[PDB]
Amino acid sequence: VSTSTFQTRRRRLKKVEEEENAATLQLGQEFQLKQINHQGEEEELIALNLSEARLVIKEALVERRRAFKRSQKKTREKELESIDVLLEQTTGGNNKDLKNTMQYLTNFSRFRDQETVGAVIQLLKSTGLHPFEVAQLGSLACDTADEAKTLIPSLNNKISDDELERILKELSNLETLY
Amino acid sequence: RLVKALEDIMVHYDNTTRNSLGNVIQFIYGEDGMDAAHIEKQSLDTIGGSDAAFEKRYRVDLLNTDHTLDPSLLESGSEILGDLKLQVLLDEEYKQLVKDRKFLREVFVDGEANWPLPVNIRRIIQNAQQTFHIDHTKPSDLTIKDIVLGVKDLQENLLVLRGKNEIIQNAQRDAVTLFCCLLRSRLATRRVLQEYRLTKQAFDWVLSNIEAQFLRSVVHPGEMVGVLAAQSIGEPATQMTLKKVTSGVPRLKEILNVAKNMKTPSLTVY
Amino acid sequence: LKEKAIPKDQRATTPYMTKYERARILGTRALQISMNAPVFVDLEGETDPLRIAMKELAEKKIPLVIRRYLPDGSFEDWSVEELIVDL
Amino acid sequence: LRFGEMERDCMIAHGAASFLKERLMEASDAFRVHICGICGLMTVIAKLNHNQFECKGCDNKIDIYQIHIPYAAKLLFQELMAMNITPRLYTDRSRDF
Amino acid sequence: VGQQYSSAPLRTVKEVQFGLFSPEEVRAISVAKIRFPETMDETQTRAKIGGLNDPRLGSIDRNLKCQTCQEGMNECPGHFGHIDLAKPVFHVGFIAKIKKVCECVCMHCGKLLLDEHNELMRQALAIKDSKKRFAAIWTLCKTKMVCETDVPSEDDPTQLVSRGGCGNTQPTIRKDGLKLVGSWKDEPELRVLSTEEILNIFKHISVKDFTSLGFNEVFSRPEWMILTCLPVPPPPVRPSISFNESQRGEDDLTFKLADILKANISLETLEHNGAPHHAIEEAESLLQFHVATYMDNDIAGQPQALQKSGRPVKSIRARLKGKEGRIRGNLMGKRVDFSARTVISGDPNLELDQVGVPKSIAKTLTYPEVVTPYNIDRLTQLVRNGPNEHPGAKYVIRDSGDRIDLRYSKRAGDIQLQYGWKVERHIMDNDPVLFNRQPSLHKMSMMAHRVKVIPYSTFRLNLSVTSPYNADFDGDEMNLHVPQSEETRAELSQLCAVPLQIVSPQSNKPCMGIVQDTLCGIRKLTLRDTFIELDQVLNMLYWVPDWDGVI
Amino acid sequence: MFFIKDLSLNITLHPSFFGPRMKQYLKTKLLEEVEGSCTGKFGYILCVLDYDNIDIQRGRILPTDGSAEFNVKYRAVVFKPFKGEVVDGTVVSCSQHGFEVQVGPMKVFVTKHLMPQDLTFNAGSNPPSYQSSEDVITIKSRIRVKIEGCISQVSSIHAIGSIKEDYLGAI
Amino acid sequence: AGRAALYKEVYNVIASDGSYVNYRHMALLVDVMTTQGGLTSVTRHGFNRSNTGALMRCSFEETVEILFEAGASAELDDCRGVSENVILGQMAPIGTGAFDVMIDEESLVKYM
Amino acid sequence: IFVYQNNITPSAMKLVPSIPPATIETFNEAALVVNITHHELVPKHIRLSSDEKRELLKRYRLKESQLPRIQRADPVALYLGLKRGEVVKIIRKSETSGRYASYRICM
Ligand SMILES: [Zn+2]
Ligand SMILES: [Zn+2]
Ligand SMILES: [Zn+2]
């Protein structure tokens with residue numbers, strides 16, 4: 001009667017396990033790499049960038065707006081105003097958090113096209129770097145290898161500085177004009 | 001005490017009698033998988049009497065003028081005279097009945113005909129003779145094939161255990177054994193067309209009623225067989241208002257407590 | 001395990017409904033009919049939820065599924081429509 | 001009136017599980033406790049007016065379950081607790097068997 | 001439910017994990033400190049002092065308090081406390097298991113007296129049943145009374161290998177009521193074994209040994225068998241009943257607990273101050289008594305903790321012991337609501353499947369019905385009729401769980417109904433019930449009948465139905481239980497009903513037949529000598545309810 | 001950062017709702033109970049994806065009341081922030097103590113001391129701002145912040161972030 | 001042969017009173033007593049020595065004691081027995097409570 | 001198999017399980033005289049193979065503990081030379097079925 005997951009550990013009475021969550025990929029019990037899909041199989045962790053996320057949300061809101069019409073029988077600035085409208089229909093005011101997240105995601109959007117976002121994901125998943133690193137490198141607009149290995153301190157020497165610079169310089173070309 | 005010792009014990013969705021742990025006690029409750037209340041005391045006609053009286057009541061010979069069924073009893077009776085293909089089935093029936101006689105005389109030392117079994121065969125016969133207005137004058141239309149193959153098929157439909165595999169099929173076969181012997185004893189080609197004089201309609205109805213009444217008789221998964229058994233032992237032990245050996249309440253507590261130091265130790269040599 | 005969900009094919013459990021089963025299906029269904037649950041069978045002037053449930057089982061218009069548990073942990077899911085109420 | 005062990009026996013034999021549940025709980029005794037998801041003890045300080053919970057010695061204001069058990073059971077458990085024995089109640093199993 | 005809603009998810013107990021309380025865990029869970037050996041009356045003020053009873057634990061009066069939860073007396077269970085014992089003490093039940101483990105392990109080092117190297121030990125360690133494994137291990141190493149350091153190898157015995165440490169001699173331990181004594185060997189060193197000594201040796205036992213001795217490193221650690229911190233039971237376990245004002249009305253356990261605090265304070269005092277060493281162990285042996293006598297008074301070692309009256313004190317062990325105890329007195333067998341007991345009288349005009357219930361029991365026993373469209377009109381009329389007009393109701397429970405007592409309700413002659421509410425109505429005719437007779441020896445003694453509300457004080461059952469109930473009408477009393485749920489009564493109808501019990505599965509035959517009056521009557525009636533004329537025959541036909549109408 | 005997790009929810013239905021379009025009310029109650037809600041263990045549960053392909057399942061009826069326990073299995077876009085996480089956001093409120101930068105559904109507070117030397121508070125300019133020889137943080141400016149600590153609350157999760165370390169602050 | 005001899009005597013005691021009991025009940029108690037590999041007693045030293053849940057075993061003769069052996073052997077209660085569900089005040093898996101009930105979303109829309 | 005007239009010394013019997021994989025069974029001369037299985041109330045106990053055991057537990061869906069047991073030193077258990085873990089399909093006579101197939105595992 002609240003919100004349940006899928007993975008449960010053995011209640012061996014003791015509690016001392018919940019360690020500090022750090023920059024160096026120390027995610028939560030649920031948030032680690034080996035996430036389990038609802039059908040009962042292994043799945044790599046899901047991590048979206050500040051654009052891809054907005055796209056997923058916008059897709060699912062359009063699909064709920066449409067899912068309701070079946071059962072009803074028996075640039076930049078324009079987007080803010082369109083999102084206002086869709087939200088006011090798909091949600092019941094309570095989602096004040098989701099509405100704010102929609103405004104923030106549409107504001108700080110790195111790439112506003114599923115096409116460009118796709119090409120970005122192709123360029124990033126090719127690293128072999130962890131989903132959170134992939135997502136964060138996709139939401140933060142860096143220019144330098146030093147800037148990137150500092151804002152994302154999980155990198156360090158998981159990737160070559162020059163190679164990371166090549167990825168970085170490619171992202172800047174992929175950038176969206178408002 | 002008895003109640004407590006048998007609490008957790010009940011019949012499961014597989015017919016196995018199990019406890020709280022899940023350890024098996026009885027593979028198919030009561031060794032037959034039948035509910036106590038549906039069972040009635042009947043007679044096995046394949047046990048007693050001389051092998052001659054047995055022959056007189058079960059043996060059918062189409063090939064012998066001094067043994068053949070009179071066509072006043074069977075419509076196909078005049079044309080049955082000689083048919084070995086049919087005679088081979090009569091020899092199958094009679095071989096099964098004789099195998100039955102020797103099996104029953106092996107299960108019961110004394111050879112008692114009277115035993116508790118489901119489906120009151122006695123009743124259905126009378127009931128058919130009431131419903132179909134059976135007259136012991138006009139001949140029975142039935143084919144000697146319709147009878148023998150009707151009983152052979154009925155046996156195949158008398159289920160207790162459904163499971164597809166061998167162990168289950170063999171278990172089903174074992175548990176139904178005694179009832180199939182009684183069924184064969186009362187459904188022989190002499191009895192069917194002489195003692196009962198069943199018509200095709202009456203016979204086919206009788207088979208359906210044996211099938212339904214048997215299928216109903218199977219124990220119900222959830223039946224608290226344990227507690228029921230305990231109380232079935234408890235009530236007559238309470239209503240116990242009582243050549244020299246302890247019996248009644250003393251011998252009873254003696255057994256329940258498994259006395260290594262028994263009051264009346266008796267031994268009987270044959 | 002949820003693997004213990006025996007397929008709709010292969011069923012060692014009896015096709016008939018047990019006395020314990022019909023009594024609980026009817027009890028629960030009448031209890032729901034009293035919590036003002038929707039009645040599928042057309043009420044031939046019926047006031048008593050028990051009778052309503054009895055007709056509901058007669059017209060096989062009950063939406064209930066009996067999860068029969070096999071001792072080992074396993075289970076065979078059967079419908080009220082699937083089961084025979086010969087009794 | 002006493003629904004004694006005798007009556008218990010008979011109802012079980014009959015197979016009327018829901019009646020016996022009613023007669024043991026619902027009608028007679030009846031009680032609801034707030035046990036911890038870590039240690040199966042009635043520790044959780046349920047302040048249900050403002051939905052505050054917490055199991056001190058667990059730092060658990062998250063995993064709490066409400067359970068329907070007779071007050072004589074809450075009692076039995078508290079008397080076993082009183083003798084230094086832990087009668088831990090777990091809502092979900094592991095044994096299978 | 002314990003009345004009032006909580007958003008906490010409702011679940012069922014699917015596992016019961018036993019074990020021991022860790023003194024650190026008792027200490028952690030503890031809501032109160034426990035320091036005062038008194039009760040209430042802080043400077044004689046009718047209020048519990050911050051020491052024993054409600055230093056947080058729980059209220060003794062019709063006034064809120066229970067550390068931040070409160071909720072009153074009802075709905076809120078008691079909250080535990082702690083006692084810090086100046087010296088540790090043995091546990092009554094664990095005394096023998098403590099002795100057994102002491103005989104199993106070497107003192108000072110804390111290692112098993114027996115190792116894998118022994119063939120019979122290998123044969124023992126094979127058992128994984130905690131009970132049988134430990135039973136084997138103790139019987140095996142109770143003989144060994146020297147911790148072997150040097151053990152002959154699985155090669156040739158000429159080469160002894162060091163399995164462990166200390167070639168120290170073990171004492172022959174024997175009981176003495178509350179304490180243990182051992183001896184080493186001219187003359188045996190007969191010495192007293194202290195709680196502290198035993199605890200440290202237990203603390204030193206390796207987890208391998210722990211489990212291989214019939215324990216568990218997580219739930220039940222051998223060390224915790226010796227109590228350091230006592231768990232203080234809250235007021236619902238030890239009720240204090242302040243009768244209006246001028247009275248106290250305490251409980252047995254409360255007294256024993258206060259006696260423990262007395263013994264503990266007297267011990268602590270001698271530890272800090274003047275310590276004559278073997279003069280202090282006097283208050284320790286008394287603490288040993290008080291603590292063990294708080295749990296069990298019906299001990300073997302004679303002295304029972306008698307009260308200032310002569311009552312040997314109601315100990316926890318006695319509370320739980322069955323045959324009208326706790327288990328068999330409150331959980332296996334209990335007192336119920338919606339039940340009736342009156343004298344039984346025989347009747348030939350009723351039905352087999354019925355029970356004659358007096359109007360006075362009908363107007364008392366009540367079924368809570370649901371406000372449904374199918375019976376909304378009937379329920380509104382019962383609510384009009386009230387509690388005294390036979391076809392009526394006693395209470396009206398709303399969806400909100402609020403209950404209106406129809407009698408003290410001044411506007412109970414206008415009251416409007418809305419769906420899903422409950423109208424607690426009188427026992428209406430043809431309502432199923434469980435009519436049973438004590439002792440319920442077999443299934444049949446507990447049958448489900450149909451209701452027939454009749455005048456005159458007795459329960460009227462059918463003559464033929466006395467056979468499975470096994471009692472005459474010589475002034476026999478019978479129980480009658482009211483099923484509260486639609487499914488509960490459905491169970492009574494499709495399982496427990498009188499016509500279903502006709503054929504007894506105890507002996508595959510019927511249990512009910514025609515009896516006494518009806519029996520001698522039917523024999524005399526069935527004859528070639530028995531003749532009846534037209535006039536009496538017409539009436540004999542009319543007396544058949546299911547008569548075809550054909551003479 | 002934004003995760004997409006597979007989650008379940010135990011929704012309980014009353015028999016009155018056992019009418020053909022039940023699935024509608026189950027999906028709806030799931031969206032009432034979960035959408036917008038924040039938890040410590042999972043964070044802000046923002047949006048349940050694919051309204052249609054939400055697992056309905058067979059609902060277990062209770063033996064006390066006719067009510068049915070359903071375990072509705074879904075998938076949703078979730079937001080859980082962490083220490084070390086570097087995220088950009090927009091100012092909301094400001095004081096002598098510091099400014100509060102809004103990141104997604106949450107407010108990450110930047111203390112005075114978590115800002116470099118030059119950054120000096122000045123309320124004597126409406127709206128109260130922060131000054132330097134290049135940087136001026138006011139009402140709704142864009143800042144890149146490094147989260148240092150998190151607080152798990154009601155249907156809220158807050159954080160404390162620094163900007164003193166390199167490549168951070170105003171953008 | 002022990003199982004057999006035991007039934008023979010139990011039956012001879014039921015017939016000593018001169019009463020009748022159906023084979024099944026007796027064969028049941030008898031097979032209960034033998035399953036354990038030998039002749040198992042019907043007392044505190046008989047059945048209360050079994051592997052069965054501590055809560056069930058405590059409901060007969062050795063209460064406090066078996067509960068102390070439960071807390072000592074960190075015993076686990078499976079909650080599959082009558083007594084253990086009775087103490088907990090729940091629907092025991094006996095009779096009516098053996099199976100489970102669920103509604104089908106599909107069938108609910110089919111009938112209307 | 002070793003047939004001893006009256007007794008064997010405990011100094012000798014130490015050599016009984018000493019030689020693997022082989023098993024050394026010991027039965028008294030006097031105890032052999034009369035056959036146990038030949039008695040009226042002794043039903044037929046049948047030794048099972050590893051595959052027969054695996055199929056028995058596979059079909060009924062049980063654990064080894066979940067099976068009825070036979071003592072290791074049982075007259076029929078020694079007669080059959082049953083080893084700890086072996087199963088026997090006891091086919092007996094039933095006054096309500098004719099035949100009943102029971103199963104017992106070694107202790
Ligand atoms: Zn806890
Ligand atoms: Zn409280
Ligand atoms: Zn040592």
# chains A, B, ... in the order shown; residues from 1 in each chain; ligands from 1
$ select_by_dssp --residues "range 18-72 of chain D" --states "helix (DSSP H, G or I)" --output "ChimeraX atom specification"
/D:18-28,71-72
$ interface_residues --of "chain C" --to "chain F" --cutoff "9 Å" --atoms "only C-alpha atoms" --output "VMD selection string"
chain C and resid 28 to 39 65
$ interface_residues --of "chain A" --to "chain D" --cutoff "10 Å" --atoms "only C-alpha atoms" --output "JSON, numbers by chain"
{"A": [10, 11, 12, 13, 14, 15, 16]}
$ interface_residues --of "chain D" --to "chain F" --cutoff "9 Å" --atoms "only C-alpha atoms" --output "list in words"
residues 18, 21, 22, 26 and 62 of chain D
$ write_last_selection --atoms "N, CA and C atoms" --output "short mmCIF file (atom, residue, chain, number, x, y, z; two decimals), in the first residue's frame"
data_model
loop_
_atom_site.label_atom_id
_atom_site.label_comp_id
_atom_site.auth_asym_id
_atom_site.auth_seq_id
_atom_site.Cartn_x
_atom_site.Cartn_y
_atom_site.Cartn_z
N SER D 18 -12.89 -20.65 8.08
CA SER D 18 -13.32 -19.24 8.21
C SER D 18 -14.12 -18.96 9.50
N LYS D 21 -11.63 -19.06 12.40
CA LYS D 21 -10.85 -17.82 12.38
C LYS D 21 -11.69 -16.72 13.07
N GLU D 22 -13.00 -16.62 12.70
CA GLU D 22 -13.95 -15.64 13.25
C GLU D 22 -14.12 -15.83 14.74
N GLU D 26 -12.13 -12.32 15.46
CA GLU D 26 -13.29 -11.46 15.21
C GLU D 26 -14.27 -11.35 16.39
N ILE D 62 10.56 2.85 8.06
CA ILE D 62 10.23 2.45 6.70
C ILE D 62 9.44 1.15 6.68
#
$ residues_around --residues "residue 64 in chain D" --least-positions-apart "5" --cutoff "8 Å" --atoms "only C-alpha atoms" --output "compact mmCIF listing (two decimals) with N, CA, C and O atoms, in the first residue's frame"
# COMPACT_ATOMS: atom_id res chain seq x y z
N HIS D 34 1.78 -3.44 15.56
CA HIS D 34 2.71 -2.91 14.59
C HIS D 34 4.09 -3.51 14.83
O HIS D 34 4.84 -3.02 15.67
N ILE D 35 4.38 -4.63 14.13
CA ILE D 35 5.68 -5.31 14.23
C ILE D 35 6.66 -4.79 13.18
O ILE D 35 6.26 -4.39 12.07
N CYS D 36 7.96 -4.81 13.55
CA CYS D 36 9.10 -4.39 12.74
C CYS D 36 9.41 -5.43 11.65
O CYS D 36 9.18 -6.63 11.84
N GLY D 37 9.93 -4.95 10.53
CA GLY D 37 10.31 -5.81 9.41
C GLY D 37 11.65 -6.49 9.62
O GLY D 37 11.97 -7.45 8.91
N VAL D 44 7.72 -1.20 17.29
CA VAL D 44 7.29 -0.02 16.54
C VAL D 44 6.36 0.90 17.31
O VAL D 44 5.24 0.52 17.64
N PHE D 53 6.28 6.34 12.74
CA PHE D 53 6.43 4.98 13.25
C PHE D 53 7.72 4.79 14.03
O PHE D 53 7.77 5.21 15.19
N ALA E 8 -0.11 1.44 7.55
CA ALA E 8 0.83 0.32 7.55
C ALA E 8 0.23 -0.89 6.84
O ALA E 8 -0.94 -1.20 7.05
N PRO E 9 0.97 -1.54 5.93
CA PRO E 9 0.39 -2.68 5.19
C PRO E 9 0.06 -3.87 6.07
O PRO E 9 0.83 -4.20 6.97
$ residues_near_ligand --ligand "ligand 3" --cutoff "12 Å" --atoms "only C-alpha atoms and all ligand atoms" --output "ChimeraX atom specification"
/E:102-115,144-150,162-171,201,204-205
$ write_last_selection --atoms "N, CA, C and O atoms" --output "short mmCIF file (atom, residue, chain, number, x, y, z; two decimals), in the first residue's frame"
data_model
loop_
_atom_site.label_atom_id
_atom_site.label_comp_id
_atom_site.auth_asym_id
_atom_site.auth_seq_id
_atom_site.Cartn_x
_atom_site.Cartn_y
_atom_site.Cartn_z
N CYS E 102 29.13 -26.44 29.35
CA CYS E 102 30.32 -26.34 30.20
C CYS E 102 31.12 -27.63 30.17
O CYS E 102 32.35 -27.59 30.17
N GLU E 103 30.41 -28.77 30.13
CA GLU E 103 31.01 -30.11 30.07
C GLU E 103 31.51 -30.44 28.65
O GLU E 103 32.34 -31.34 28.48
N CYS E 104 31.02 -29.69 27.64
CA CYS E 104 31.35 -29.83 26.22
C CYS E 104 32.58 -29.04 25.80
O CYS E 104 33.21 -29.39 24.80
N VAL E 105 32.89 -27.93 26.50
CA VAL E 105 33.97 -27.02 26.15
C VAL E 105 34.97 -26.82 27.28
O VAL E 105 34.59 -26.82 28.45
N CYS E 106 36.25 -26.64 26.93
CA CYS E 106 37.31 -26.38 27.88
C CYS E 106 37.18 -24.96 28.41
O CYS E 106 36.92 -24.02 27.65
N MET E 107 37.39 -24.82 29.72
CA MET E 107 37.36 -23.54 30.41
C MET E 107 38.66 -22.78 30.13
O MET E 107 39.66 -23.39 29.76
N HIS E 108 38.63 -21.44 30.28
CA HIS E 108 39.76 -20.52 30.05
C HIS E 108 40.11 -20.30 28.56
O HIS E 108 40.44 -19.16 28.19
N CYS E 109 40.09 -21.36 27.73
CA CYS E 109 40.40 -21.25 26.30
C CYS E 109 39.14 -21.09 25.44
O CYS E 109 39.17 -20.35 24.46
N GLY E 110 38.07 -21.78 25.83
CA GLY E 110 36.78 -21.73 25.14
C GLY E 110 36.67 -22.59 23.89
O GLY E 110 35.83 -22.31 23.03
N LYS E 111 37.48 -23.65 23.80
CA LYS E 111 37.44 -24.56 22.65
C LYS E 111 36.75 -25.85 23.02
O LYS E 111 36.80 -26.27 24.18
N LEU E 112 36.11 -26.50 22.03
CA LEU E 112 35.42 -27.78 22.16
C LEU E 112 36.36 -28.82 22.76
O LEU E 112 37.52 -28.92 22.34
N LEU E 113 35.87 -29.60 23.74
CA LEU E 113 36.64 -30.66 24.41
C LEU E 113 36.96 -31.82 23.45
O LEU E 113 37.87 -32.61 23.71
N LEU E 114 36.21 -31.89 22.33
CA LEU E 114 36.36 -32.89 21.28
C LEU E 114 36.57 -32.24 19.92
O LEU E 114 35.97 -31.20 19.63
N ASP E 115 37.42 -32.85 19.08
CA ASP E 115 37.72 -32.35 17.74
C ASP E 115 37.38 -33.39 16.67
O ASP E 115 37.19 -34.56 16.98
N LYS E 144 35.59 -37.15 28.34
CA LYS E 144 36.83 -36.41 28.17
C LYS E 144 36.87 -35.25 29.15
O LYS E 144 35.94 -34.43 29.16
N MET E 145 37.89 -35.23 30.02
CA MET E 145 38.05 -34.19 31.04
C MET E 145 39.44 -33.56 31.10
O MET E 145 39.90 -33.15 32.17
N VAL E 146 40.10 -33.46 29.93
CA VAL E 146 41.41 -32.86 29.69
C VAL E 146 41.41 -32.38 28.23
O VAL E 146 41.26 -33.19 27.30
N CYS E 147 41.57 -31.06 28.02
CA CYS E 147 41.62 -30.45 26.69
C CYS E 147 42.92 -30.92 26.02
O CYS E 147 44.00 -30.50 26.43
N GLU E 148 42.81 -31.86 25.08
CA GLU E 148 44.00 -32.37 24.40
C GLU E 148 44.57 -31.37 23.39
O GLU E 148 43.84 -30.85 22.55
N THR E 149 45.88 -31.07 23.52
CA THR E 149 46.64 -30.19 22.62
C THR E 149 47.25 -31.10 21.55
O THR E 149 47.20 -30.78 20.37
N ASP E 150 47.78 -32.24 22.00
CA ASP E 150 48.44 -33.29 21.24
C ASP E 150 47.47 -34.44 20.93
O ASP E 150 46.98 -35.10 21.85
N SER E 162 49.36 -31.05 17.07
CA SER E 162 48.66 -30.09 17.92
C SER E 162 47.36 -29.61 17.28
O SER E 162 47.38 -28.70 16.45
N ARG E 163 46.22 -30.25 17.65
CA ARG E 163 44.87 -29.93 17.15
C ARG E 163 44.43 -28.53 17.57
O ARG E 163 43.78 -27.82 16.79
N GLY E 164 44.79 -28.16 18.80
CA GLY E 164 44.48 -26.88 19.42
C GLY E 164 45.48 -26.53 20.50
O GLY E 164 46.67 -26.82 20.36
N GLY E 165 44.99 -25.91 21.57
CA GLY E 165 45.81 -25.48 22.69
C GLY E 165 45.35 -25.94 24.06
O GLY E 165 44.28 -26.54 24.19
N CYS E 166 46.18 -25.62 25.07
CA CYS E 166 46.06 -25.91 26.51
C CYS E 166 45.74 -27.35 26.93
O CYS E 166 44.63 -27.83 26.70
N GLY E 167 46.71 -28.01 27.54
CA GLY E 167 46.56 -29.37 28.03
C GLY E 167 45.94 -29.40 29.41
O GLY E 167 46.12 -30.36 30.16
N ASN E 168 45.18 -28.34 29.74
CA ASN E 168 44.53 -28.11 31.02
C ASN E 168 43.42 -29.10 31.36
O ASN E 168 42.65 -29.51 30.49
N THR E 169 43.36 -29.47 32.64
CA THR E 169 42.39 -30.40 33.18
C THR E 169 41.03 -29.72 33.32
O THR E 169 40.96 -28.54 33.69
N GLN E 170 39.97 -30.46 33.01
CA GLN E 170 38.58 -30.03 33.10
C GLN E 170 37.93 -30.56 34.40
O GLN E 170 38.23 -31.69 34.80
N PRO E 171 37.05 -29.77 35.07
CA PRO E 171 36.44 -30.26 36.32
C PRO E 171 35.18 -31.09 36.14
O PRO E 171 34.44 -30.89 35.17
N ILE E 201 33.90 -17.93 29.19
CA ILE E 201 34.21 -19.18 28.49
C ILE E 201 33.24 -19.35 27.31
O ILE E 201 33.68 -19.71 26.22
N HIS E 204 33.95 -16.98 24.44
CA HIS E 204 35.12 -17.53 23.76
C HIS E 204 34.85 -18.73 22.83
O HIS E 204 35.78 -19.14 22.11
N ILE E 205 33.62 -19.29 22.82
CA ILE E 205 33.31 -20.43 21.95
C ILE E 205 33.24 -19.98 20.47
O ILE E 205 32.56 -19.00 20.17
#
$ select_by_dssp --residues "range 2-74 of chain H" --states "strand (DSSP E)" --output "mmCIF file with N, CA and C atoms, in the first residue's frame"
data_model
loop_
_atom_site.group_PDB
_atom_site.id
_atom_site.type_symbol
_atom_site.label_atom_id
_atom_site.label_comp_id
_atom_site.auth_asym_id
_atom_site.auth_seq_id
_atom_site.Cartn_x
_atom_site.Cartn_y
_atom_site.Cartn_z
ATOM 1 N N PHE H 2 28.623 -63.233 6.795
ATOM 2 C CA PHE H 2 29.290 -64.052 7.803
ATOM 3 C C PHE H 2 28.246 -64.657 8.743
ATOM 4 N N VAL H 3 28.245 -66.005 8.843
ATOM 5 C CA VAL H 3 27.323 -66.751 9.705
ATOM 6 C C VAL H 3 28.059 -67.214 10.962
ATOM 7 N N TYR H 4 27.767 -66.562 12.100
ATOM 8 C CA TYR H 4 28.381 -66.893 13.382
ATOM 9 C C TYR H 4 27.478 -67.780 14.218
ATOM 10 N N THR H 26 26.667 -59.363 8.955
ATOM 11 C CA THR H 26 26.784 -60.357 10.020
ATOM 12 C C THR H 26 25.449 -60.830 10.571
ATOM 13 N N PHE H 27 25.186 -62.148 10.449
ATOM 14 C CA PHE H 27 23.943 -62.745 10.950
ATOM 15 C C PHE H 27 24.208 -63.990 11.794
ATOM 16 N N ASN H 28 23.473 -64.121 12.903
ATOM 17 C CA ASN H 28 23.587 -65.242 13.827
ATOM 18 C C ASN H 28 23.036 -66.507 13.194
ATOM 19 N N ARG H 69 9.716 -44.067 6.922
ATOM 20 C CA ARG H 69 11.003 -44.713 7.122
ATOM 21 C C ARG H 69 10.995 -46.126 7.677
ATOM 22 N N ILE H 70 12.105 -46.843 7.432
ATOM 23 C CA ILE H 70 12.396 -48.194 7.909
ATOM 24 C C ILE H 70 13.708 -48.124 8.681
#
$ interface_residues --of "chain B" --to "chain D" --cutoff "7 Å" --atoms "only C-alpha atoms" --output "PyMOL selection string"
chain B and resi 223-224+227-228
$ residues_around --residues "residue 91 in chain A" --least-positions-apart "5" --cutoff "10 Å" --atoms "only C-alpha atoms" --output "PyMOL selection string"
(chain A and resi 61+86+96+98-99) or (chain F and resi 31-32+35-36+47)
$ residues_around --residues "residue 42 in chain H" --least-positions-apart "5" --cutoff "9 Å" --atoms "only C-alpha atoms" --output "short mmCIF file (atom, residue, chain, number, x, y, z; two decimals) with N, CA, C and O atoms, in the first residue's frame"
data_model
loop_
_atom_site.label_atom_id
_atom_site.label_comp_id
_atom_site.auth_asym_id
_atom_site.auth_seq_id
_atom_site.Cartn_x
_atom_site.Cartn_y
_atom_site.Cartn_z
N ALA G 1 5.23 -55.59 9.72
CA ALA G 1 4.55 -56.64 10.48
C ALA G 1 4.11 -56.06 11.82
O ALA G 1 3.12 -56.51 12.40
N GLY G 2 4.83 -55.03 12.27
CA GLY G 2 4.51 -54.26 13.46
C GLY G 2 3.25 -53.45 13.23
O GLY G 2 2.31 -53.52 14.03
N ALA G 4 0.92 -53.98 11.06
CA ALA G 4 -0.11 -55.01 11.00
C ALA G 4 -0.58 -55.49 12.39
O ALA G 4 -1.79 -55.48 12.66
N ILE H 36 12.12 -64.85 8.35
CA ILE H 36 11.18 -63.82 8.77
C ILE H 36 10.14 -63.49 7.71
O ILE H 36 8.95 -63.63 8.00
N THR H 37 10.57 -63.14 6.46
CA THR H 37 9.68 -62.80 5.32
C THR H 37 8.59 -63.82 5.04
O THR H 37 7.52 -63.45 4.56
N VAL H 76 13.66 -57.21 8.08
CA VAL H 76 13.53 -57.18 6.63
C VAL H 76 14.62 -56.31 5.99
O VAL H 76 15.04 -56.62 4.88
N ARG H 92 1.36 -54.32 -0.04
CA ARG H 92 0.61 -55.07 0.96
C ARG H 92 -0.85 -55.28 0.58
O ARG H 92 -1.33 -54.69 -0.41
#
